[PDB]
Each structure stands twice: as C-alpha cells, then as structure tokens.
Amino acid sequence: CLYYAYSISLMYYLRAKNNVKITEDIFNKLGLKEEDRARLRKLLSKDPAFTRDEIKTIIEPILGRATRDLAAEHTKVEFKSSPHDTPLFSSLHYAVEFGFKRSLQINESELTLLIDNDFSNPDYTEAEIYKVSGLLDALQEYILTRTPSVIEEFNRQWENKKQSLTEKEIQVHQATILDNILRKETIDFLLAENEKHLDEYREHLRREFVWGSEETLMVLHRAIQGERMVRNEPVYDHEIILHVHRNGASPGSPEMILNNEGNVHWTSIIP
C-alpha cells in the first residue's frame, strides 16, 4: 500500500519540520490545488498520531492520488533524461530482444542464433510495462513489420565493420552490433508518435490497480526531493533521509520511515 504509506509518512515529516517553505515547495511539486493545500495544513497543526478519519478523508484522497501521479510522471522524465539506465528500458529491451529472436527465425535469418533469450528470466517476467494494456500486442506488430529493416541494418553495419577472423571473435561482433541495433529499437518503440507508448506507460502507472513498487518509491522520493542534474551539476531541493524497513527489520537519522512487508503491504512508521 505504497502511496498511502508514503503520504502518511510525508505528513509526519512536514508536521515535524513546521516550515511553510518546505511545505509549500513540496505542495508545488505535487501540483495541489490551494483548496486541498488547506485541508492538509489543518492537519499540520494540532500535533500530539493522525486519526483513521484524517487519513481516509484528507491524506489518502489528496496525497494518494498526487504522489502516484508524481511518481508516474517522474518515471517518464527520468527515462527521457537517460533511458538506458532505467528499469523500463532493460525490462522492455529484454522483451524486444525476445520478440526479435522469434521474428528473426520466423523470417529465416541466421541472426536468431545470436540471441540467448527465453523470456523467462525472473528479473523481467513481472515488469509492469508488460501489463500496460495492448502494449505487447503493438510490440509484436512493431517487431514483425520492422524485422526486414533490422536485418538490413545489421547487414549494413556488419559489412562496414569487417577488417585474424577467430570465427568466434567474429560472432562476438555480430552479437554486439545486433544488440546496439535492438537497444535502439527499444527506445524508438517508446518514443514513436510523440511518446505514445511512453505516455501509455505513464497512464498505466497512474491507474490505481497498479501496485507501487520499491522502484517507483525511489522515483517518487527523488521527485519529492527534486533531485536534478543541470548545466552550469547535480542539484537538490530538499534532503529527506528515507529508510525502508522490511518485515520489521531496520537498517544519518531518518525523517521518513516505511516498512515493506514482502512487497505486499506498505505501512509507514513515525520516527
């Protein structure tokens, strides 16, 4: 139950700092309407311990939605900033590399023998991008109608590369060249049509059935702290030490604490 627990824990940190500047700045990052910013600041006074009623009627409806949207949207911007580092890349790429292996051999090409991929690796099996509605079907379509050009592009690139000839150090190079090509297929698929599939993923993560992962938590908390990299250098807006606990275990002193119960139950814990 991540965004709820994040929200609750974020309210304890605000009421604890008693600063309208940090409070207002973070309200801004969540883009909250001033009507809602009033309901929350009422809670920031009267310190003791938030009621079940303050949570169900004030914190959950306002900061639940807003933190999920901030996590969603900030997933997108991290991807655009440096896409090969993101989980979404390597998850989607693992699928693109598996579809192309199947479509390459269907197209009677020797390039299939360069992909070792069974689409069963547990690191990728449950990636949320695979549950985006219609996405994988559009991925199959994309892999089919793009495979002739891919083979073309591999042939082109291979012939430029020729120069010993180990007959196993020369399938190194087929593999690497093909991997770079497919890594570009992965990003292009997401960036097509002013980021149609990328926005499709954003909307999926704004859906309420989608469990926030520990992955999305870290995006959220970087968005909340406003962590950036800007020309002049990495700049922050707040430093908020966060600690995750796992099945009660514990790991500077932390200002926000969540307990992660085997990735099923999120609870926040007041420091």
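Numbering starts at 1 and runs along the sequence shown.
Counting the unmodelled positions of the deposited sequence between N232 and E233 gives a gap of 4 to 9 residues.
According to the entry, the stretch of the deposited sequence that connects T125 to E126 contains no residue lacking coordinates, so the chain runs unbroken between them. A summary of the deposited B-factors shows that, of 168-176 and 184-192, the stretch with the larger mean C-alpha value is 168-176. Averaged over CA atoms, B-factors in the entry run higher in 109-117 than in the other of 148-156 and 109-117.
When the modelled residues of the chain are ordered by C-alpha B-factor, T216 sits in the middle third. Ranked within its chain, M11 lands in the lowest third, by CA B factor from the PDB record. Ranked against the other modelled residues of its chain, the C-alpha B-factor of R206 as given in the entry falls in the middle third. Among the modelled residues of its chain, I269 has a C-alpha B-factor that falls in the lowest third according to the deposited record. The PDB entry assigns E35 a C-alpha temperature factor belonging to the highest third of its chain's modelled residues.
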